[PDB]
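Since the structure comes first, as structure tokens, the remarks are kept for the end.
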Amino acid sequence: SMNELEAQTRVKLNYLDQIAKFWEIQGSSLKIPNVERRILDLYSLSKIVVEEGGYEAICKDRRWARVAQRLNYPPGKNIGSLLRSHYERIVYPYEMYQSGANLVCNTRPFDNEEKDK
């Protein structure tokens with residue numbers, strides 16, 4: 001039921017087709033699973049993380065709690081780990097892509113993202 005995400009007209013489909021092609025041709029498949037009957041809407045995720053001003057910052061500041069709750073996920077903030085796991089495997093290449101295109105802010109602790117220690 002991808003329509004759940006494809007709901008919005010010529011704003012969703014365009015972004016989706018793009019966010020599909022770049023990733024699928026990168027040698028992978030666009031796997032954005034579901035939780036709580038809500039698909040991982042990369043749109044809101046991306047604009048929120050960017051609005052926060054630093055993916056890396058949210059990571060080391062552990063603010064994925066309020067972020068998950070900002071996406072209106074159920075209490076317990078347990079969905080944060082899900083988000084991380086999907087980000088680090090799907091959306092993180094897009095950080096390097098987007099940030100690397102405009103200005104790469106996570107250029108140093110990127111190592112500490114791969115290695116959270």
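The numbers in the authors' numbering rise by one with no breaks, and the one at position 39 of the sequence shown is 39. For each residue, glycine too, the CB sits at the ideal point set by N, CA and C.
Look at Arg38 here: in three-state DSSP terms it is strand. In the DSSP annotation of this structure, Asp116 is not part of any alpha helix (DSSP H), being labelled neither H nor E. DSSP, reduced to helix, strand and coil, places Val104 outside both helices and strands of the structure shown, so it counts as coil. Going by beta carbons, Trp64 and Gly76 fall outside the 8 Å limit. Taking a 10 Å sphere around the C-beta of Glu56, we find 16 or more other C-beta atoms and assign the residue as buried. For the 8 Å CB-CB criterion, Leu45 and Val91 form a contact. Using a 10 angstroms sphere on the CB of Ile58, the tally of other CB atoms reaches 16 or more, which defines it as buried.
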